[PDB]
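K.L.:
Protein chains in written order, with PDB author numbering: chain P, 1550 to 1694; chain B, 292 to 302, 328 to 538, 600 to 1452; chain G, 1114 to 1355; chain L, 776 to 871; chain H, 340 to 388; chain A, 147 to 302, 328 to 339.
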């Protein structure tokens, strides 16, 4: 938590993140634990629960953060949930034994469909709706039996 | 019986006594050869006893003389480790700012609300040259055009940036803005006796209030109009602007006329009477405390009695707003208690502000010779290093219905809570001052008195408790502690909402008619806070004082039955209309019959659970072709663009649909209260008939007694949360693991041999090849299977338990059987548990992708283009347990065990069960980053061309093979030393925390289907997200594992050598033309 | 390891109790939490360290040998100490044997590349462009033996043991000893194809751009934890019937 | 108890408080229970509570203040409560 | 010392019950007392005596 | 104190009593693998109880002097467990701690404190395997006793039976 947070500072201290544009510490582990090798998904799942939701959770077990994290002015450490007008990107970063660390990030899909033509989009659209339904069906036929 | 069914073949003593006695005799005589008493093993057993009876006879005299309440309630509830400091104002201030940045534009707060102000001050009170920057960007980068709300904040926040700027370099204040509210007893014609605390109208402020507090009332006889509820955005600039005064409202005091808030003064007689002047400046500070507010900077305070929804809290909510450094206490130490005490600080605590929650019972002497120590002590001894500049012991217990002859322990216990311990409390800071010689920073004391001395009836020993406190004056002169403690006797009147008068809440409206005021606790909060004012503080540092915060309820006489009546009327006027209303309705039912009125028993539908998949929403091409640059069209090779198409998960909070809930919402819907019940074996389905009747819906699974998805939450929500999330480890999920009896081993030597046995003819020989010069196998001629006695000098392996500490983890929800999901019993009996966790994770992921026949993929793609790139850390540990530890143990382990211990096994069972994919298929193991690594390959794999589709993820399990190993590495939070910190299972995982001590291991999975983009489009699937970047990094050779570092910073490599001439490549347009 | 005396285990029951002993005051209590209604701990007043007799009806764990068949394999040349190659004694005393087998393999590989100061690579390349993409099958089995089978056995196993049982440990000791490379670094486990898999990523990794250089390979060890497991799967050639 | 100031307040006082106050109460709350039963409500018991004005005026008398000062609320009750027909107060004030 | 114990088996006569009593009589005491001294600590020997 | 401190710093580093110099600091002796600094600190705490706030720099003798100030001939819990495991795993059958103390006080004449010192010194020269007979046990005990003395400086009819048999 101390070194996972410094770095963030630099990589924003180095890329020109506007002073006063911190990035919001999500800590999906106060609930669950450390799934050793599973983490990156639990937190790569959230990210998408988030992206489309617009929400940001918080460590509902954060009594009091450490003073020494105040020098990391490029970050926050919430403890209460936060609905938003919209997220546009996210960062996952894993630091495991052996130094094989990691950093994945994410973008909001809707920054995609602007790469293409209308007719192809609304064509994609319908082809999905059907799915959700057929999927809705399965999920429940199976969930029951 | 089974063999017969399968084959068909059914179907004196005195000789001893003597034969004993000699043994019974040769027994004793032997002892003489060794002088070995056979009774000492009882005399101990008797002296251990006689000492007990008396030990007890003492112990029950007490319970007889004192009482089980006293004794069981006079317990210790304090540690120097169950504390909780709270100092991160510099962050919360940025939590709360945004909460406005959204609650506004989600139309949750309007300009006509009273909390934006109650908020902003709690922000401005926390000002920092960065915090400012936090918003300037959040404001200067706001697109007001999006909607009025986007202007509602782009406008005012600019008042803040400056308001917060002025205060920068200031000290902070307690400016309350609450709408002071009056009581309202309402009853309808069916006895709907209901109370509401409504906004008074004469007085929609505190300035207006303190006036009507000044103007007294008819019996107490012997403007700056602005935009509170109209436009708070303009009230913004009114907060730093010090609206001064010369028309001192303390001049609004008529003669012969007593206000509602007066202090007092003593006469040489022995009484206390209303001064005017003295009690006239208490109020200028208030009016001052209201237009400008008071600070409490540099204070250091103790307070007790602060249960949520009480009065010792609204003081706190203030003290925190001042700049205080405070101590609060509780006898109900728990989790919910703190998140409360956490929310305060995250909303009120201001610059320098500091609270400390502690467990405490003021009935324990040894618990107060211990706390103040923990204060008047250093941070080396674990102390706190503070001095106390004030005190506030409001803590007590209810006693109601207790008249005289019903006075026993529970009161004798309270008397000691308030009186004989506050004394011993205060007689326990001086001893900590006198030593250190502090005699200019004494401690102002705030003794909550009240005039209800026998006036009421059955309050128990609430009379000579708070009445034997007005002799803290007769002493402050007599005694020696005057230079260290000083008194502000307070007199709390009729407040409302507290658990002392809320029963009486329904006659307040009735009393005010007699020309009186009844305060909200937030109103009575304003008072004792205004009793800390730097004006008074001298007034006590000269001579003690007393504050009568009673509205005049010492004049309205014979109040006892005066009150008994006011409510004894309501009951009648109410109960009768519960009786009349029904009989008349009843009457109406015999002449007309419910035959016609039955239809008026309207049909009311309970809702029903309709789970959903959480597919994204798709907005028209406009909203999106706009949000992004129009230059993007035709500018991306989608085949090289990656995307996520599905995902799922397993954990101690079940799937990804429900965890979200406990992740963001903190609690379940019913859509998640049943799903998280279908997957714990609480409920089931049934269609057909039961009772002969056709039930078609949810049902128990142990009783099959039908149920609706409404009586579920109330029926199961509890055990779920007791058996879901982090917990105390539950053995049966781990086939016997009892962290407090950890079955272990010891290689002792034997020194003599017997207890022979007779085993197998082939075990009895594996012993010789091992134990040679040793056990004699000595066939037993009769049956034909050998015998053994080990020998006088062999080795053994003998067990233990080794009470072990780390005993918590994210056990999946107790009751998770894959069966529920559609799995057989052969697989589970063959395979490593963890692999279950995966298969489910996959289906649910395809489910999440419009995919339920994986074979479908092969319509658009070639089977040679469907990869997995998943993998675990340790993996399969449940089998390794089967090879190294089990086989050693003579156990019937299976034989394919090791094709499952591996880590390519679980991405294989998958293909061996769902996919039918295509050969060279990767399987990362990065112990804790294996799930990004999985994603890095998972992409390179794809946009290389190897695969149009992949699978990515991670998984692992928890067993005593792994945790213990994680123990002596001292990485996971211990549990005991989390108990002595009085923590709780569900809060040991403490990210970004000042007292963080380690982590917890979980067990489950999590996966993700990623694909080419172009595919998903012509494939018709839910695109949840994107993966624009993914990576892994490391210093150098596998050199030292347990410490991380810079490695990833290289995802920011760039050469800033010259940034003047812009790199046009970032400007799409440039990139478009080239294309 | 004596494949003809494979030290093993049996959970017999006892039927009478003696041969008391007198251990520790803290082992003699770990026995009670486990063996209850059982061994009487009965301090010996004189010296001060407790005594024990088990009881007439307890459980035991008693050994065997289990003459076992598969007893051959490609044992590295008897006499192979990394010391010969330039390794300390602290590492070896800390680390899983197999990892020795790797470090040597690397140096000799750079040797084979005109490379003996890996740091040299960094003249032409950026440290952020030197990857490993190696890995094993089971890996580290010598440690797993230390957790499940050994700790059970009252043994003085070390404590960092499990940062070595893993499979990212051995491509790490490397960087923790030679390279000083750059973060997210892959570690395949395809039990028996892990060394091509290593090569597939090892390339994609590269011509993607993540890395101008990589490292690829494989490694694993042989112990009675693994072979025996391979035995009852009837995959390895028996020896007797040979 | 003499010479006892605040920080020197411990058992010996917590014991006295209980001698005078929390036991006289329990005393008087232990005759009514013996009257209410037998129904005696015309021969009540006059009580004589030795008060004294030395409430903090003197110094180290210990918890002699809120002992005998928390007795003048045997009036605030004699109306509130139910024992009026059985006990009655004559608060006395002994001087020098 | 040996013929001693084996005899007991002929009568099934525990030679330790004469101590286990002596120990449970004990563990119950410590706690019995641990209660008793909390009081003297919280209340005081004056009160109690 | 220095003796126990070195014994504990060695039994956690698997080095000889002389192989670890009391002049160096633990931060340097650890070699960098910080996964052992915390372990050694916890062991010293369980053995001594009170140490400087940051012992990562204090020299071996540095903390040993403060320990001698604190420790008072106390075997400790960690040292007691270590000696018990040593006398259980690597010790001839029947050679419990009591028999070893007796053999040390009889065949070498060393007091109870000298006995504890010899046991702690043997804790360094840990026998890699279980000595079979009481002879090798007495031998290892005498060797560890000579080592302890070098490190501290303190050197140094039957027919009754036959009948008692025949009846048997």
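By construction, the Cβ of each residue, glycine as well, lies at the ideal position given by its N, Cα and C atoms.
(1) Measuring straight from C-alpha to C-alpha, what distance separates residue 226/A and residue 239/A?
(2) List, in chain order, every chain G residue whose beta-carbon is nearer than 7 Å to that of residue 1647/P.
(3) Cβ closer than 9 Å: which chain B residues qualify as neighbours of residue 1292/G?
(4) What residues in its chain sit with their C-beta under 7 Å from that of residue 1389/B, if we drop five residues either side in the sequence?
(5) Between the C-alpha atoms of residue 815/B and residue 861/B, what's the straight-line distance to the nearest angstrom?
(6) By the three-class DSSP mapping on this structure, what secondary structure does residue 208/A have?
(7) Less than 7 Å between C-beta atoms, sequence neighbours within five positions excluded: which residues of the same chain meet that for residue 223/A?
(8) For the stretch 904 to 989 of chain B, which segments carrying the alpha helix (DSSP H) assignment without a break, of at least 4 residues, lie completely within its bounds, in sequence order?
(9) Taking the beta carbon of residue 165/A as the centre, do at least 16 other beta carbons fall within 10 Å, making it buried, or is it exposed?
(10) Please determine if the stretch 1298 to 1310 of chain B and the stretch 1284 to 1299 of chain G are in contact, where contact requires at least 3 C-beta pairs separated by less than 8 Å.
(11) In terms of residue numbering, what span does the alpha helix (DSSP H) encompassing residue 523/B cover?
(12) Quick one: is residue 1617/P buried, meaning 16 or more other Cβ sit within 10 Å of its Cβ, or exposed?
(13) In the DSSP output, which residue or residues are listed as bridge partners for residue 1094/B?
(14) Any chance the stretch 830 to 838 of chain L sits against the stretch 817 to 833 of chain B, with 3 or more Cβ pairs inside 8 Å?
(15) So for residue 511/B, helix, strand or coil by DSSP?
(16) Helix, strand or coil for residue 1155/B per DSSP?
(17) Starting from residue 1553/P, trace the beta strand (DSSP E) in both directions and tell me its first and last residue.
(18) Take residue 1631/P and list the residues in its own chain whose beta-carbon comes closer than 6 Å to its own, dropping the five residues that flank it on each side.
(19) What residues of chain H sit near residue 785/L, judged by a beta carbon separation below 7 Å?
(20) Beta carbon of residue 714/B: closer than 7 Å to some heavy atom of the ligand GDP?
(21) Does the separation of the CB atoms of residue 202/A and residue 173/A fall below 8 Å?
(22) Consider the Cβ of residue 1289/B: report whether some Cβ of chain G lies at a distance smaller than 8 Å.
(23) Given this structure, state the Cα-to-Cα distance separating residue 841/L from residue 848/B, to the nearest angstrom.
(24) Report the neighbours of residue 1300/G on chain P: residues whose CB is nearer than 9 Å to its CB, in chain order.
(25) Around the C-beta of residue 715/B, are 16 or more other C-beta atoms found within 10 angstroms, so that it is buried, or is it exposed?
(26) Give the single residue among 291/A, 196/A, 296/A, 209/A whose Cα lies nearest to the Cα of residue 249/A.
(27) If contact is defined by three or more beta carbon pairs under 8 Å, each pair taking one atom from either stretch, is the stretch 1636 to 1645 of chain P in contact with the stretch 1068 to 1079 of chain B?
(28) Would you call the stretch 1659 to 1670 of chain P and the stretch 1389 to 1405 of chain B in contact, with 3 or more CB pairs under 8 Å?
(29) Tell me whether residue 355/H sits in a helix, a strand or coil according to DSSP, three-state version.
(30) Residue ranges of each beta strand (DSSP E) run of no fewer than 3 residues wholly in the stretch 1172 to 1223 of chain B, ordered along the chain?
(31) Looking only at its own chain, which residues have a Cβ that is under 6 Å from the Cβ of residue 1558/P, when we skip the five neighbours before and after it?
(32) Do we get a CB-CB distance below 8 Å when we pair residue 185/A with the residues of chain G?
(33) Output the boundary residues of the alpha helix (DSSP H) element that contains residue 1689/P.
(34) Does any C-beta atom of chain P lie closer than 8 Å to the C-beta of residue 1297/G?
P.N.:
Considering the structure as presented:
(1) Position 80 of the sixth chain, counting from 1, holds the residue named residue 226/A. Position 93 of the sixth chain, counting from 1, holds the residue named residue 239/A. Taking the straight line from one Cα to the other gives about 20 Å.
(2) Reading the first chain from its first residue, position 98 is the one you call residue 1647/P. Within 7 Å Cβ-Cβ: 1279, 1281, 1282, 1285.
(3) By one-based count along the third chain, residue 1292/G stands at place 179. Ordered by position in chain B, the residues that pass the 9 Å Cβ test against residue 1292/G are 1411, 1412, 1413, 1414, 1416.
(4) Here residue 1389/B corresponds to residue number 1012 of the second chain, with the count starting at 1. Apart from sequence neighbours up to five positions away, the residues of its chain that approach residue 1389/B with a beta-carbon distance below 7 Å are 1015, 1016, 1319, 1325, ordered along the chain.
(5) Here residue 815/B is taken as the residue at index 438 of the second chain, counted from 1. Here residue 861/B is taken as the residue at index 484 of the second chain, counted from 1. Straight-line spacing of the CA atoms in residue 815/B and residue 861/B works out to 7 Å.
(6) As a first step, residue 208/A is located in the sixth chain; it is residue number 62 there, counting from the start. Correct three-state label for residue 208/A: helix.
(7) As a position in the sixth chain, residue 223/A is number 77, starting the count at 1. 192.
(8) 913 to 919, 936 to 968, 970 to 974
(9) Against the sixth chain, residue 165/A aligns to sequence position 19. So residue 165/A counts as exposed.
(10) yes
(11) On the second chain, position 207 is the one that residue 523/B refers to. From DSSP, the alpha helix (DSSP H) with residue 523/B extends over 523 to 530.
(12) As a position in the first chain, residue 1617/P is number 68, starting the count at 1. With fewer than 16 other Cβ atoms within 10 Å, it is exposed.
(13) Taking the first residue of the second chain as position 1, residue 1094/B is located at position 717. Per DSSP, none; premise fails for residue 1094/B.
(14) no
(15) Mapped onto the second chain, residue 511/B falls at position 195. In the structure shown, residue 511/B sits in a strand (DSSP, three-state: E or B).
(16) In the second chain, counting from the first residue as 1, residue 1155/B sits at position 778. DSSP places residue 1155/B in coil when its eight states are reduced to three.
(17) What you label residue 1553/P is simply residue 4 of the first chain in a count that begins at 1. Counting along the chain, residue 1553/P falls outside any beta strand (DSSP E), though it belongs to the alpha helix (DSSP H) covering 1552 to 1562.
(18) The sequence position of residue 1631/P within the first chain is 82, counting from 1. Only 1605 meet the Cβ criterion.
(19) As a position in the fourth chain, residue 785/L is number 10, starting the count at 1. Here the neighbours are 383.
(20) The model depicted lacks the ligand GDP and carries no ligand whatsoever.
(21) Within the sixth chain, numbered from 1, the residue matching residue 202/A stands at position 56. Within the sixth chain, numbered from 1, the residue matching residue 173/A stands at position 27. Yes. Within cutoff.
(22) Working through the second chain from its first residue, we reach residue 1289/B at position 912. Judged by the 8 Å Cβ criterion, residue 1289/B is not in contact with chain G.
(23) Looking up residue 841/L in the fourth chain gives position 66. Looking up residue 848/B in the second chain gives position 471. Approximately 7 Å, taken between the alpha carbons.
(24) The residue labelled residue 1300/G in the question sits at position 187 within the third chain. Neighbours of residue 1300/G on chain P, chain order: 1647, 1649.
(25) For the purposes of this step, residue 715/B is identified with residue 338 of the second chain, where counting begins at 1. So residue 715/B counts as buried.
(26) Position 103 of the sixth chain holds residue 249/A. The shortest C-alpha separation from residue 249/A is found at 291/A.
(27) With the cut-off at 8 Å, the stretch 1068 to 1079 of chain B and the stretch 1636 to 1645 of chain P do not touch.
(28) They touch, by the three-pair rule.
(29) On the fifth chain, position 16 is the one that residue 355/H refers to. If DSSP states are grouped into helix, strand and coil, residue 355/H belongs with coil.
(30) 1175 to 1177
(31) If you number the first chain from 1, residue 1558/P lands on position 9. Closer than 6 Å at the Cβ level, and outside the excluded window around residue 1558/P, lie 1621, 1623.
(32) Along the sixth chain, one-based indexing puts residue 185/A at 39. So yes, residue 185/A belongs to the interface.
(33) Locating residue 1689/P in the first chain gives position 140, counting from the first residue. Element bounds for residue 1689/P: 1667 to 1693.
(34) Start at 1 with the first residue of the third chain, and residue 1297/G comes out as number 184. Taking Cβ atoms only, chain P reaches closer than 8 Å to residue 1297/G, which makes this a yes.
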